[PDB]
Amino acid sequence: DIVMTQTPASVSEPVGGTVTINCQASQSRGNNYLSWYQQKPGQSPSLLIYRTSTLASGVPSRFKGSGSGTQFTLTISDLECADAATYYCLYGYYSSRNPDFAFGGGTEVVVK
Amino acid sequence: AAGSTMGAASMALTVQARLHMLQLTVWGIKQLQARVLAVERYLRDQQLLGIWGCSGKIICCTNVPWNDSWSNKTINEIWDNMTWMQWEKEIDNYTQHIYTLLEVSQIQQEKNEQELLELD
Amino acid sequence: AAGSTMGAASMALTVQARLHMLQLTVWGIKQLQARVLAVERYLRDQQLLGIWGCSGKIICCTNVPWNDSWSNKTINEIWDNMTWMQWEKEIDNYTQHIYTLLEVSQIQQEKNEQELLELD
Amino acid sequence: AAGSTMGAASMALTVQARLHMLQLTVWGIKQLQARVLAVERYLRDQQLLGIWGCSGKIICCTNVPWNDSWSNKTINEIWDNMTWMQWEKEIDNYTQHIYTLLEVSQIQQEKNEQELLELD
Amino acid sequence: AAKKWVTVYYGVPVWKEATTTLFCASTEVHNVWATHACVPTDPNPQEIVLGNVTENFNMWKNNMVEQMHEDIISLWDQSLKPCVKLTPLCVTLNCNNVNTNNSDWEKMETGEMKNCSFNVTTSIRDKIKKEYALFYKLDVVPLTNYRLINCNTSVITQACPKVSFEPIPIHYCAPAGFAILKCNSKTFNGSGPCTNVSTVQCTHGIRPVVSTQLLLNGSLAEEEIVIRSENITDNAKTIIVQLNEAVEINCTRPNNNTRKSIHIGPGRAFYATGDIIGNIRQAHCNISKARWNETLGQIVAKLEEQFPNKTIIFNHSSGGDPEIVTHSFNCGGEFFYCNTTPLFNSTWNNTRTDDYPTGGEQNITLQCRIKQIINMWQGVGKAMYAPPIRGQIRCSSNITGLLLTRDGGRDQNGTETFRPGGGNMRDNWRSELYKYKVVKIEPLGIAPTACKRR
Amino acid sequence: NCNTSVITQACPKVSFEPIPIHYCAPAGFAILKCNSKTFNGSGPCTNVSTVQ
Amino acid sequence: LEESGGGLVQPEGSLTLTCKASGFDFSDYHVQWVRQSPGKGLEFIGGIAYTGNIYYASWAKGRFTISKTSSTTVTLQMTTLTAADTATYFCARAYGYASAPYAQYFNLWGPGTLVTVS
Ligand SMILES: *[C@@H]1O[C@H](CO)[C@@H](O[C@@H]2O[C@H](CO)[C@@H](O[C@@H]3O[C@H](CO)[C@@H](O)[C@H](O[C@H]4O[C@H](CO)[C@@H](O)[C@H](O)[C@@H]4O)[C@@H]3O)[C@H](O)[C@H]2NC(C)=O)[C@H](O)[C@H]1NC(C)=O
Ligand SMILES: *[C@@H]1O[C@H](CO)[C@@H](O[C@@H]2O[C@H](CO)[C@@H](O[C@@H]3O[C@H](CO)[C@@H](O)[C@H](O)[C@@H]3O)[C@H](O)[C@H]2NC(C)=O)[C@H](O)[C@H]1NC(C)=O
Ligand SMILES: *[C@@H]1O[C@H](CO)[C@@H](O[C@@H]2O[C@H](CO)[C@@H](O)[C@H](O)[C@H]2NC(C)=O)[C@H](O)[C@H]1NC(C)=O
Ligand SMILES: *[C@@H]1O[C@H](CO)[C@@H](O[C@@H]2O[C@H](CO)[C@@H](O)[C@H](O)[C@H]2NC(C)=O)[C@H](O)[C@H]1NC(C)=O
Ligand SMILES: *[C@@H]1O[C@H](CO)[C@@H](O[C@@H]2O[C@H](CO)[C@@H](O)[C@H](O)[C@H]2NC(C)=O)[C@H](O)[C@H]1NC(C)=O
Ligand SMILES: *[C@@H]1O[C@H](CO)[C@@H](O[C@@H]2O[C@H](CO)[C@@H](O)[C@H](O)[C@H]2NC(C)=O)[C@H](O)[C@H]1NC(C)=O
Ligand SMILES: *[C@@H]1O[C@H](CO)[C@@H](O[C@@H]2O[C@H](CO)[C@@H](O)[C@H](O)[C@H]2NC(C)=O)[C@H](O)[C@H]1NC(C)=O
Ligand SMILES: *[C@@H]1O[C@H](CO)[C@@H](O[C@@H]2O[C@H](CO)[C@@H](O)[C@H](O)[C@H]2NC(C)=O)[C@H](O)[C@H]1NC(C)=O
Ligand SMILES: *[C@@H]1O[C@H](CO)[C@@H](O[C@@H]2O[C@H](CO)[C@@H](O)[C@H](O)[C@H]2NC(C)=O)[C@H](O)[C@H]1NC(C)=O
Ligand SMILES: *[C@@H]1O[C@H](CO)[C@@H](O[C@@H]2O[C@H](CO)[C@@H](O)[C@H](O)[C@H]2NC(C)=O)[C@H](O)[C@H]1NC(C)=O
Ligand SMILES: *[C@@H]1O[C@H](CO)[C@@H](O[C@@H]2O[C@H](CO)[C@@H](O)[C@H](O)[C@H]2NC(C)=O)[C@H](O)[C@H]1NC(C)=O
Ligand SMILES: *[C@@H]1O[C@H](CO)[C@@H](O[C@@H]2O[C@H](CO)[C@@H](O)[C@H](O)[C@H]2NC(C)=O)[C@H](O)[C@H]1NC(C)=O
Ligand SMILES: *[C@@H]1O[C@H](CO)[C@@H](O[C@@H]2O[C@H](CO)[C@@H](O)[C@H](O)[C@H]2NC(C)=O)[C@H](O)[C@H]1NC(C)=O
Ligand SMILES: *[C@@H]1O[C@H](CO)[C@@H](O[C@@H]2O[C@H](CO)[C@@H](O)[C@H](O)[C@H]2NC(C)=O)[C@H](O)[C@H]1NC(C)=O
Ligand SMILES: *[C@@H]1O[C@H](CO)[C@@H](O)[C@H](O)[C@H]1NC(C)=O
Ligand SMILES: *[C@@H]1O[C@H](CO)[C@@H](O)[C@H](O)[C@H]1NC(C)=O
Ligand SMILES: *[C@@H]1O[C@H](CO)[C@@H](O)[C@H](O)[C@H]1NC(C)=O
Ligand SMILES: *[C@@H]1O[C@H](CO)[C@@H](O)[C@H](O)[C@H]1NC(C)=O
Ligand SMILES: *[C@@H]1O[C@H](CO)[C@@H](O)[C@H](O)[C@H]1NC(C)=O
Ligand SMILES: *[C@@H]1O[C@H](CO)[C@@H](O)[C@H](O)[C@H]1NC(C)=O
Ligand SMILES: *[C@@H]1O[C@H](CO)[C@@H](O)[C@H](O)[C@H]1NC(C)=O
Ligand SMILES: *[C@@H]1O[C@H](CO)[C@@H](O)[C@H](O)[C@H]1NC(C)=O
Ligand SMILES: *[C@@H]1O[C@H](CO)[C@@H](O)[C@H](O)[C@H]1NC(C)=O
Ligand SMILES: *[C@@H]1O[C@H](CO)[C@@H](O)[C@H](O)[C@H]1NC(C)=O
Ligand SMILES: *[C@@H]1O[C@H](CO)[C@@H](O)[C@H](O)[C@H]1NC(C)=O
Ligand SMILES: *[C@@H]1O[C@H](CO)[C@@H](O)[C@H](O)[C@H]1NC(C)=O
Ligand SMILES: *[C@@H]1O[C@H](CO)[C@@H](O)[C@H](O)[C@H]1NC(C)=O
Ligand SMILES: *[C@@H]1O[C@H](CO)[C@@H](O)[C@H](O)[C@H]1NC(C)=O
Ligand SMILES: *[C@@H]1O[C@H](CO)[C@@H](O)[C@H](O)[C@H]1NC(C)=O
């Protein structure tokens, strides 16, 4: 399997600042197999990023994704309190033999 | 019996109703002309019927009297006891007079009078 | 809902309604054929509607009964709960029978009976 | 006076109503284009009138109100005391709006409401 | 409670598959593919989305491809018709070599560019003059005496030297009464059922690009690389690989090649290669190594699923005439034939590319040759002579896809071999028109009602 | 002009005599003409008539 | 998309949850199941390919069955449940592609269904 690790956890920054999330995953098969989700407490997660470097429609110019094999980062350019959420990093590879799906544990980001 | 009264010989019927790349070859050019011509002939008749207010008709009734100078024979002498080809020859010289009358006033006035009646 | 009842998928709509010198070049010949063909297809449909007395109609009402051998389903089984493409396939073998009935008597008799009524 | 009211200069009249082998020669190709084009222009007008339910009309009456944003002049300011060419220029920017209104609902609803009324 | 009656509906949304004649839609360069005869396109070609419909598409049975094939041939020809036929040049050529030894590695000429003299009848029929021209090795054959290649058995016509061959997108448009359906499904793969269907009066523009091995300037896959085939198992079919990212290819013909005008008849001017100012060099193309490596890594993952466990082997063409077994493209009238051995250089395990050693090399080079006498479609249409175009020619293009074939598929060692093969140019156009189907509209329909006519 | 061009002999049966040619508009079109004595080839014209 | 069929189940009992394609026909889409227990992130359960191929997570270990039962209807069966399996279960969509590997990013997430064991 693939094991995804996320850090830092329990992130808390002042409103108007910036945040980055560091994600690790072994055996990457490329940067096109990784995505990010934004989950606010009480709801379903929503697609934020769908390719390491590409954001989902409706997503503002923050949450820029970047990375290289096994090394992924999400950057929040503007900590509006509207974005306080738990962010998840997802990896998967549909395959007839090796689906390889994994999520990290999520990173809580608090905007004060 | 509208199609049977005007002579027994009404059997031409409607063969005209029965009726790949456009390569400009010896036969191909002729095929093109045939298609273009079929359209032109169809429209000339349809346009004239449209002008007279007979566009949707097989037989259209009008408000223009027979006149009787064209032919002074009666209904049972013209409509019956006669073949359509003979008839068209008998009144051939009045074709334009009649067509003019079928449009002038008959469609033009009829429609302008309706325009006035429809204002009420 | 006449255009919505016969399946949700009625969205082909009317792309057919949406639709320099005639040089006979490689592309030019094809352009000519496209124009000639568009005219021919338009007229074939318009002429048939004209024959049935449906020339000015979107939907025309007739005096010919459904028969029910073509399809014995009811209005809420055919008109509703069905897509137009499925329907045309279901009664495809009756196309000529129905077209014949739409003209024969339905336009021909209707007009001859009117000719007689209009003599009064 | 429908053709006389809209300016004295209504004298263009209907020259458009007044209007051998297809050899593809220098003059012959041009003759072909002229015939094909005459058909296309005729049909574009006839089809539009057909859509509005004005196929057999010279003047057709509709159920769509004048709106008055297009022009707020009255009948004796527009219909009379004006030439048709001036008029077409005055409301040129509303051509598509008006054509859309002449079809939408005006023919479409009118026919669907009749379909319902004819079920009784 | 009521009788059913027959009613007629006009504007009924139904259709049937049909094949018809399509017309095209779109500076005094007389472009041959996109002539002034094209109608302009609609600035707002609104697409109509269909509802819950399905349709069956098959790119391998698509008559639009066949119709395009014939149009490209007819446009190539005709455009070249009112030009000089060069028959008078089919005479003995007395040829020798040129001195290429004027450190230009990867750019050196080796025994090509022959200096030929010939006896040609001048514009005056009783006068003969000796003329000189340089020829590419691939344009002549020995009988040292030489003749122009393909003179025997064919007529080589000089393109009129004002006419451009630059591809310009051409849109295909249905005649009114017809429409083109397109499959937008992400799962389509060129065949079978499609649930996301929409329709247009006209297709998107397609550049009438002619090439071999690599498909240039076509569309990219929307998101992920798609491998299409009529049949995966059948090694005789072409496998079309559509990339979701382009790979840049940059080609140069770095010579100051100045042309010469020779009168061989009454208004019939032959445009000769003239001579070279400066140091003569061979043509070449460069691609980015990193991009090629990423592209092939993704392609092997996809081919490996189709052919699991087995070793992926890429190889060079099988060998044969360097007209059809090499890469081919056209930049401004210069026809390039390039050696792609370095692109299909090797084999590897898993989906991990290998045998491309890490080093300072950034640009993979392909050595190229130039031909003036060419044969698009081999035996269909006429041979054409490409005038020289005054030197320093540079161009670049987007590799959008590859044409691969399987090398027999009889290797008993647990391997599969792919080569940059392919068939007729139909394969190139098929790869772009794959999503379209032509249907006819039949707006008059019949249904039961409860109304009755008075 | 032999050099640079092809000189073609007219077929010796063909006449070049000018014969009046009328230009005709396709139906749906018309040709307007200015009959003003003051026209001079340009600008406004008040005496206007039309022909096919 | 919406899920259904949650509620309380006893120890070692079972549930079947149903995800409905309310205007989102699963014809070219993959349907996947995930789980999120209280205070946790997301675990992956498995899913159905547009092709009909059914795959499972190492998280399920055979305790879950994934099946397309009709067009528009996908269900998740779960058995021999314990306290640790209390979670909100969700269905989500991913695009299918005409290919071999697929990115499978999620979209069209449903609201989720609570399953509790006690
Ligand atoms: C893939 O697409 C690319 C572009 O996206 C395309 O490359 C382009 O090719 C055209 C070929 O015509 C180049 O245009 C030439 O540019 C040079 C620049 O100096 C001009 O001198 C050329 O002029 C010729 O045409 C003139 C017309 O009057 C003549 O007067 C003159 O004497 C020349 O004959 C011409 O404009 C264009 O610049 C490139 N684009 C780039 C960015 O380089 C490529 O060819 C396509 N791929 C394939 C396989 O076709
Ligand atoms: C296409 O690819 C070839 C092959 O790489 C390119 O030629 C290479 O160009 C580089 C850059 O000039 C040369 O590297 C260095 O150049 C400097 C210039 O002063 C020199 O001082 C260094 O010692 C070194 O040579 C490289 O050597 C050269 N390769 C060869 C075989 O000569 C070419 O430029 C590329 N360009 C295009 C347009 O396709
Ligand atoms: C090809 O051959 C011709 C003649 O054999 C070369 O042209 C000669 O160039 C020299 C240079 O000084 C002149 O002095 C001669 O008078 C030229 N001869 C003629 C007939 O013009 C031409 O340069 C050769 N090309 C190459 C590449 O070697
Ligand atoms: C072009 O014509 C010349 C003569 O006008 C040819 O040169 C002669 O070739 C014959 C062949 O035996 C020799 O015997 C003569 O001595 C040559 N004359 C000269 C002046 O050299 C020449 O070979 C022809 N070239 C080609 C390519 O046909
Ligand atoms: C189903 O079809 C619709 C229409 O073909 C697709 O809608 C497109 O969605 C993309 C998303 O950015 C837009 O950019 C396009 O402009 C839309 N098309 C049109 C005509 O507006 C939809 O994406 C298709 N669904 C799938 C799964 O392919
Ligand atoms: C391209 O798509 C077609 C259509 O989905 C694939 O053909 C199917 O292949 C499966 C393999 O078991 C068959 O069970 C289906 O019945 C086939 N469908 C039809 C309509 O025949 C084809 O294999 C796909 N190509 C690739 C490379 O996957
Ligand atoms: C080859 O690919 C490049 C990008 O990889 C294309 O460049 C883009 O072209 C579009 C055209 O509108 C521009 O809007 C983008 O901004 C360009 N990208 C960049 C990075 O500048 C190029 O046009 C492609 N060539 C062909 C023939 O498709
Ligand atoms: C795709 O190509 C393969 C290869 O030819 C076809 O499979 C062969 O079918 C014939 C039928 O007689 C068998 O004798 C061969 O043994 C089969 N080959 C293999 C490797 O099994 C296959 O049927 C083609 N697919 C389609 C849809 O036509
Ligand atoms: C082909 O040429 C293009 C430009 O002519 C090269 O693209 C440039 O690449 C550099 C690399 O840093 C960029 O900084 C430039 O901005 C790019 N230019 C443009 C216009 O995008 C391209 O890399 C060359 N490709 C090859 C294989 O040589
Ligand atoms: C790439 O293709 C070449 C050409 O077919 C292969 O080389 C041949 O290998 C066979 C193996 O027995 C020899 O018998 C032939 O004589 C070789 N041909 C030549 C021209 O030497 C080569 O092995 C292929 N590449 C791979 C990885 O298999
Ligand atoms: C393409 O280039 C390769 C070299 O890059 C040519 O193959 C070489 O041919 C020479 C001839 O002696 C051999 O000594 C080399 O070992 C060969 N190298 C390789 C990699 O095989 C090849 O023939 C050229 N092909 C074409 C079509 O021009
Ligand atoms: C194809 O394989 C050959 C080796 O089999 C590669 O040749 C090497 O290329 C590097 C590039 O600088 C040189 O430094 C080595 O010295 C070359 N090795 C030999 C034996 O000559 C060749 O580059 C490969 N093609 C590609 C595109 O990588
Ligand atoms: C104004 O126009 C009318 C019509 O164009 C002109 O009438 C012409 O008058 C001459 C006088 O002999 C007649 O021979 C022509 O036959 C008339 N034309 C027509 C069509 O019948 C009138 O002359 C023009 N007025 C001016 C001042 O030019
Ligand atoms: C031909 O007629 C035109 C139109 O009447 C004349 O142009 C006018 O010239 C006067 C000279 O002052 C200007 O004031 C007008 O404004 C011009 N009219 C237009 C419409 O521009 C033209 O000069 C006449 N030619 C001759 C030789 O008199
Ligand atoms: C027929 O119409 C013409 C029109 O001038 C009229 O003069 C003639 O007297 C009419 N004939 C009869 C018999 O009334
Ligand atoms: C019609 O009038 C002519 C005038 O001579 C006459 O000879 C002819 O017999 C008349 N026909 C009828 C049917 O009265
Ligand atoms: C038809 O006209 C002729 C004229 O001689 C007459 O003899 C014959 O009886 C007429 N026929 C009928 C059916 O009136
Ligand atoms: C007028 O009509 C009669 C009908 O028989 C015909 O014989 C005569 O030749 C016609 N005259 C002209 C000038 O057409
Ligand atoms: C339909 O019309 C045909 C015409 O022959 C008739 O035989 C048939 O019985 C009719 N069908 C029904 C169900 O009445
Ligand atoms: C129509 O008649 C056929 C005859 O077998 C019958 O099977 C079918 O169920 C009938 N359909 C309806 C709607 O009654
Ligand atoms: C008759 O109509 C039915 C309707 O489904 C169709 O299935 C059948 O193939 C048709 N038969 C013929 C001969 O057209
Ligand atoms: C004309 O129709 C438009 C349609 O939106 C409407 O907004 C406008 O107010 C109408 N004009 C008048 C004067 O009623
Ligand atoms: C129409 O409305 C405009 C708005 O300014 C006004 O100026 C104009 O005089 C009005 N015309 C009429 C006929 O009322
Ligand atoms: C709108 O109509 C008026 C009427 O005179 C015209 O002057 C104006 O130029 C038109 N505007 C546009 C954009 O067509
Ligand atoms: C597809 O079918 C569903 C069934 O509920 C319907 O709601 C939907 O509107 C249909 N699609 C379209 C485009 O109407
Ligand atoms: C054309 O001439 C070349 C010269 O060698 C020869 O090899 C070739 O076979 C000839 N073509 C034919 C069809 O004989
Ligand atoms: C890949 O490497 C493994 C190492 O054990 C080997 O077993 C396998 O056969 C190799 N596969 C290929 C395609 O060479
Ligand atoms: C190709 O990409 C893979 C990805 O890991 C990399 O490991 C390998 O070194 C790359 N090869 C080249 C030649 O860049
Ligand atoms: C054609 O030949 C004549 C003969 O003197 C010459 O003057 C003229 O310049 C030649 N034409 C050209 C374009 O050289």
# chains A, B, ... in the order shown; residues from 1 in each chain; ligands from 1

call {"tool": "residues_near_ligand", "arguments": {"ligand": "ligand 13", "cutoff": "12 Å", "atoms": "only C-alpha atoms and all ligand atoms", "output": "ChimeraX atom specification"}}
result
/F:32-39,45-51

call {"tool": "residues_around", "arguments": {"residues": "residue D:40", "least_positions_apart": "6", "cutoff": "9 Å", "atoms": "only C-alpha atoms", "output": "PyMOL selection string"}}
result
chain C and resi 35-36+39

call {"tool": "interface_residues", "arguments": {"of": "chain D", "to": "chain B", "cutoff": "9 Å", "atoms": "only C-alpha atoms", "output": "list in words"}}
result
residues 1, 2, 21, 22, 23, 24, 32, 35, 36, 39, 55, 56, 57, 58, 59, 60 and 61 of chain D

call {"tool": "write_last_selection", "arguments": {"atoms": "N, CA, C and O atoms", "output": "PDB file, in the first residue's frame"}}
result
ATOM      1  N   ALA D   1     -54.831  51.288 -49.557  1.00  0.00           N
ATOM      2  CA  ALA D   1     -53.748  52.264 -49.577  1.00  0.00           C
ATOM      3  C   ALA D   1     -52.591  51.740 -48.764  1.00  0.00           C
ATOM      4  O   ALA D   1     -51.608  52.441 -48.512  1.00  0.00           O
ATOM      5  N   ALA D   2     -52.651  50.469 -48.421  1.00  0.00           N
ATOM      6  CA  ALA D   2     -51.599  49.863 -47.610  1.00  0.00           C
ATOM      7  C   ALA D   2     -50.234  49.995 -48.285  1.00  0.00           C
ATOM      8  O   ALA D   2     -49.224  50.170 -47.611  1.00  0.00           O
ATOM      9  N   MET D  21     -28.921  23.522 -72.280  1.00  0.00           N
ATOM     10  CA  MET D  21     -28.027  22.734 -71.446  1.00  0.00           C
ATOM     11  C   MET D  21     -27.164  23.546 -70.490  1.00  0.00           C
ATOM     12  O   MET D  21     -26.587  24.580 -70.841  1.00  0.00           O
ATOM     13  N   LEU D  22     -26.958  22.986 -69.310  1.00  0.00           N
ATOM     14  CA  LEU D  22     -26.094  23.582 -68.312  1.00  0.00           C
ATOM     15  C   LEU D  22     -24.631  23.373 -68.611  1.00  0.00           C
ATOM     16  O   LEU D  22     -23.954  22.548 -68.007  1.00  0.00           O
ATOM     17  N   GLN D  23     -24.135  24.143 -69.550  1.00  0.00           N
ATOM     18  CA  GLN D  23     -22.741  24.031 -69.920  1.00  0.00           C
ATOM     19  C   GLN D  23     -21.947  24.866 -68.933  1.00  0.00           C
ATOM     20  O   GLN D  23     -22.299  26.011 -68.655  1.00  0.00           O
ATOM     21  N   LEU D  24     -20.838  24.352 -68.438  1.00  0.00           N
ATOM     22  CA  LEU D  24     -20.071  25.111 -67.457  1.00  0.00           C
ATOM     23  C   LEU D  24     -19.027  26.010 -68.089  1.00  0.00           C
ATOM     24  O   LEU D  24     -17.822  25.788 -67.980  1.00  0.00           O
ATOM     25  N   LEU D  32     -25.733  29.662 -63.653  1.00  0.00           N
ATOM     26  CA  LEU D  32     -26.120  28.688 -62.656  1.00  0.00           C
ATOM     27  C   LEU D  32     -26.188  29.332 -61.306  1.00  0.00           C
ATOM     28  O   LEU D  32     -27.165  29.146 -60.572  1.00  0.00           O
ATOM     29  N   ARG D  35     -29.365  31.268 -60.770  1.00  0.00           N
ATOM     30  CA  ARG D  35     -30.570  30.493 -60.536  1.00  0.00           C
ATOM     31  C   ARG D  35     -30.601  29.898 -59.143  1.00  0.00           C
ATOM     32  O   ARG D  35     -31.639  29.935 -58.471  1.00  0.00           O
ATOM     33  N   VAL D  36     -29.459  29.408 -58.675  1.00  0.00           N
ATOM     34  CA  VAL D  36     -29.412  28.796 -57.362  1.00  0.00           C
ATOM     35  C   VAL D  36     -29.687  29.847 -56.307  1.00  0.00           C
ATOM     36  O   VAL D  36     -30.439  29.596 -55.360  1.00  0.00           O
ATOM     37  N   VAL D  39     -33.315  30.943 -55.936  1.00  0.00           N
ATOM     38  CA  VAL D  39     -34.074  30.005 -55.144  1.00  0.00           C
ATOM     39  C   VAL D  39     -33.794  30.170 -53.675  1.00  0.00           C
ATOM     40  O   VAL D  39     -34.732  30.185 -52.873  1.00  0.00           O
ATOM     41  N   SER D  55     -47.516  32.395 -43.978  1.00  0.00           N
ATOM     42  CA  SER D  55     -47.118  31.771 -45.248  1.00  0.00           C
ATOM     43  C   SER D  55     -47.965  32.090 -46.458  1.00  0.00           C
ATOM     44  O   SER D  55     -47.463  32.128 -47.588  1.00  0.00           O
ATOM     45  N   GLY D  56     -49.244  32.314 -46.226  1.00  0.00           N
ATOM     46  CA  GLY D  56     -50.209  32.611 -47.268  1.00  0.00           C
ATOM     47  C   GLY D  56     -50.636  34.057 -47.226  1.00  0.00           C
ATOM     48  O   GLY D  56     -51.711  34.414 -47.718  1.00  0.00           O
ATOM     49  N   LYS D  57     -49.886  34.884 -46.523  1.00  0.00           N
ATOM     50  CA  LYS D  57     -50.323  36.242 -46.355  1.00  0.00           C
ATOM     51  C   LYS D  57     -49.494  37.264 -47.096  1.00  0.00           C
ATOM     52  O   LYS D  57     -48.314  37.073 -47.376  1.00  0.00           O
ATOM     53  N   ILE D  58     -50.130  38.380 -47.381  1.00  0.00           N
ATOM     54  CA  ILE D  58     -49.459  39.542 -47.918  1.00  0.00           C
ATOM     55  C   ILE D  58     -49.184  40.391 -46.709  1.00  0.00           C
ATOM     56  O   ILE D  58     -48.101  40.946 -46.526  1.00  0.00           O
ATOM     57  N   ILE D  59     -50.221  40.528 -45.899  1.00  0.00           N
ATOM     58  CA  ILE D  59     -50.135  41.262 -44.675  1.00  0.00           C
ATOM     59  C   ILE D  59     -50.619  40.313 -43.607  1.00  0.00           C
ATOM     60  O   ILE D  59     -51.752  39.843 -43.703  1.00  0.00           O
ATOM     61  N   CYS D  60     -49.829  40.014 -42.590  1.00  0.00           N
ATOM     62  CA  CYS D  60     -50.406  39.129 -41.587  1.00  0.00           C
ATOM     63  C   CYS D  60     -50.551  39.842 -40.275  1.00  0.00           C
ATOM     64  O   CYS D  60     -49.688  40.607 -39.829  1.00  0.00           O
ATOM     65  N   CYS D  61     -51.628  39.517 -39.607  1.00  0.00           N
ATOM     66  CA  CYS D  61     -51.940  40.075 -38.317  1.00  0.00           C
ATOM     67  C   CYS D  61     -51.459  39.073 -37.293  1.00  0.00           C
ATOM     68  O   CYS D  61     -51.559  37.877 -37.561  1.00  0.00           O
TER      69      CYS D  61
END

call {"tool": "residues_around", "arguments": {"residues": "stretch 89-101 of chain G", "least_positions_apart": "4", "cutoff": "9 Å", "atoms": "only C-alpha atoms", "output": "count of residues only"}}
result
57

call {"tool": "residues_around", "arguments": {"residues": "stretch 80-82 of chain B", "least_positions_apart": "4", "cutoff": "10 Å", "atoms": "only C-alpha atoms", "output": "number ranges by chain"}}
result
B: 2, 4-9, 74-76, 86-87

call {"tool": "residues_near_ligand", "arguments": {"ligand": "ligand 3", "cutoff": "8 Å", "atoms": "only C-alpha atoms and all ligand atoms", "output": "list in words"}}
result
residues 97, 98, 99, 113, 114, 115, 116, 117, 131, 132, 133, 134, 275 and 276 of chain E

call {"tool": "interface_residues", "arguments": {"of": "chain F", "to": "chain E", "cutoff": "12 Å", "atoms": "only C-alpha atoms", "output": "mmCIF file with C-alpha atoms, in the first residue's frame"}}
result
data_model
loop_
_atom_site.group_PDB
_atom_site.id
_atom_site.type_symbol
_atom_site.label_atom_id
_atom_site.label_comp_id
_atom_site.auth_asym_id
_atom_site.auth_seq_id
_atom_site.Cartn_x
_atom_site.Cartn_y
_atom_site.Cartn_z
ATOM 1 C CA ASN F 1 7.730 37.744 -76.449
ATOM 2 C CA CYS F 2 8.623 34.169 -77.173
ATOM 3 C CA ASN F 3 10.955 34.166 -74.293
ATOM 4 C CA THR F 4 8.894 34.326 -71.095
ATOM 5 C CA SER F 5 5.472 33.626 -72.628
ATOM 6 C CA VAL F 6 3.201 31.399 -74.677
ATOM 7 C CA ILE F 7 1.638 32.945 -77.717
ATOM 8 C CA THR F 8 -1.505 31.124 -78.721
#

call {"tool": "atom_distance", "arguments": {"atom1": "atom 1 (C, counted along the ligand's line) of ligand 2", "atom2": "atom CA of residue E:110"}}
result
18.9 Å

call {"tool": "residues_near_ligand", "arguments": {"ligand": "ligand 21", "cutoff": "7 Å", "atoms": "only C-alpha atoms and all ligand atoms", "output": "PyMOL selection string"}}
result
chain C and resi 89-93

call {"tool": "atom_distance", "arguments": {"atom1": "atom CA of residue A:30", "atom2": "atom CA of residue E:354"}}
result
16.2 Å

call {"tool": "interface_residues", "arguments": {"of": "chain A", "to": "chain G", "cutoff": "8 Å", "atoms": "only C-alpha atoms", "output": "VMD selection string"}}
result
chain A and resid 32 to 35 43 to 47 50 88 90 92 to 96 99 101 to 106

call {"tool": "residues_near_ligand", "arguments": {"ligand": "ligand 14", "cutoff": "8 Å", "atoms": "only C-alpha atoms and all ligand atoms", "output": "PyMOL selection string"}}
result
chain F and resi 38-44

call {"tool": "select_by_dssp", "arguments": {"residues": "chain D", "states": "alpha helix (DSSP H)", "output": "number ranges by chain"}}
result
D: 2-5, 15-18, 26-52, 75-78, 84-90, 95-103, 108-117
